[PDB]
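Everything on this sheet refers to the single structure shown next.
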Amino acid sequence: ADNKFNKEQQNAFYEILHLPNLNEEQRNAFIXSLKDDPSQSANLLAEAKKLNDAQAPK
């Protein structure tokens, strides 16, 4: 776990991948913005986790 991105970007990557409430292809807008601009990774992470929270099973 290193030869992909930097610490923040990669941690964000796996955190977004860890999000089970997020739509496969929401996850894959985030992951595929992560890999256009890997400087938005923190924002993408925050939004993704937020949306994962919002999309929690009801």
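How things are named: the first chain in the structure tokens is A, the next is B, and so on; residues count from 1 in each chain; ligands count from 1 in the order shown.
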
Using only C-alpha atoms, which residues sit within 10 Å of residue 43 (chain A) once same-chain residues fewer than 3 positions away are excluded, as number ranges by chain? A: 12, 30, 34, 39-40, 46-49

Since we have the selection now, will you write its residues out, keeping C-alpha atoms, as a short mmCIF file (atom, residue, chain, number, x, y, z; two decimals), in the first residue's frame?
```cif
data_model
loop_
_atom_site.label_atom_id
_atom_site.label_comp_id
_atom_site.auth_asym_id
_atom_site.auth_seq_id
_atom_site.Cartn_x
_atom_site.Cartn_y
_atom_site.Cartn_z
CA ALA A 12 -8.78 8.57 0.58
CA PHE A 30 -14.92 10.02 -7.09
CA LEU A 34 -9.18 11.16 -7.91
CA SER A 39 -5.27 17.08 -5.38
CA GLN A 40 -9.02 16.92 -4.79
CA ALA A 46 -15.07 14.14 2.57
CA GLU A 47 -17.88 14.27 0.01
CA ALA A 48 -17.81 10.51 -0.54
CA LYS A 49 -18.00 9.72 3.17
#
```

From the DSSP assignment of the backbone, select every residue of chain A that is alpha helix (DSSP H), and format the answer as a PDB file with C-alpha atoms, in the first residue's frame.
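The file below, selection.pdb, is the result:
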```pdb
ATOM      1  CA  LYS A   7      -0.577   8.895   1.798  1.00  0.00           C
ATOM      2  CA  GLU A   8      -3.596  11.206   1.678  1.00  0.00           C
ATOM      3  CA  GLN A   9      -4.665  10.305  -1.848  1.00  0.00           C
ATOM      4  CA  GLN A  10      -4.300   6.567  -1.285  1.00  0.00           C
ATOM      5  CA  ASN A  11      -5.916   6.657   2.162  1.00  0.00           C
ATOM      6  CA  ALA A  12      -8.784   8.566   0.579  1.00  0.00           C
ATOM      7  CA  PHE A  13      -8.892   6.028  -2.256  1.00  0.00           C
ATOM      8  CA  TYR A  14      -9.285   3.088   0.106  1.00  0.00           C
ATOM      9  CA  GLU A  15     -11.674   4.990   2.368  1.00  0.00           C
ATOM     10  CA  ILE A  16     -13.913   5.684  -0.629  1.00  0.00           C
ATOM     11  CA  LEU A  17     -13.559   2.017  -1.600  1.00  0.00           C
ATOM     12  CA  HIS A  18     -14.466   1.172   2.008  1.00  0.00           C
ATOM     13  CA  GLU A  24     -20.608   1.587  -7.349  1.00  0.00           C
ATOM     14  CA  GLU A  25     -20.199   4.006 -10.223  1.00  0.00           C
ATOM     15  CA  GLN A  26     -20.631   7.553  -7.437  1.00  0.00           C
ATOM     16  CA  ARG A  27     -17.640   5.719  -5.965  1.00  0.00           C
ATOM     17  CA  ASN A  28     -16.077   5.112  -9.337  1.00  0.00           C
ATOM     18  CA  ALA A  29     -16.985   9.653 -10.257  1.00  0.00           C
ATOM     19  CA  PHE A  30     -14.925  10.024  -7.086  1.00  0.00           C
ATOM     20  CA  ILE A  31     -12.191   7.492  -7.819  1.00  0.00           C
ATOM     21  CA  UNK A  32     -12.044   8.176 -11.528  1.00  0.00           C
ATOM     22  CA  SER A  33     -11.836  12.679 -10.188  1.00  0.00           C
ATOM     23  CA  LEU A  34      -9.177  11.159  -7.910  1.00  0.00           C
ATOM     24  CA  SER A  41      -8.637  13.570  -3.044  1.00  0.00           C
ATOM     25  CA  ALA A  42      -9.345  15.058   0.392  1.00  0.00           C
ATOM     26  CA  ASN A  43     -12.450  16.849  -0.863  1.00  0.00           C
ATOM     27  CA  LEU A  44     -13.548  13.721  -2.706  1.00  0.00           C
ATOM     28  CA  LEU A  45     -13.004  11.736   0.472  1.00  0.00           C
ATOM     29  CA  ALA A  46     -15.067  14.138   2.566  1.00  0.00           C
ATOM     30  CA  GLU A  47     -17.875  14.265   0.008  1.00  0.00           C
ATOM     31  CA  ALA A  48     -17.810  10.512  -0.542  1.00  0.00           C
ATOM     32  CA  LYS A  49     -17.999   9.718   3.173  1.00  0.00           C
ATOM     33  CA  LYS A  50     -20.700  12.359   3.533  1.00  0.00           C
ATOM     34  CA  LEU A  51     -22.705  10.819   0.711  1.00  0.00           C
ATOM     35  CA  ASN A  52     -22.043   7.371   2.158  1.00  0.00           C
ATOM     36  CA  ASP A  53     -23.570   8.679   5.370  1.00  0.00           C
ATOM     37  CA  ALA A  54     -26.498  10.174   3.472  1.00  0.00           C
TER      38      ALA A  54
END
```

Nearest residue to residue 55 (chain A) out of A:6, A:1, A:19, A:37, using only C-alpha atoms?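 Closest to residue 55 (chain A) of all the choices is A:19.
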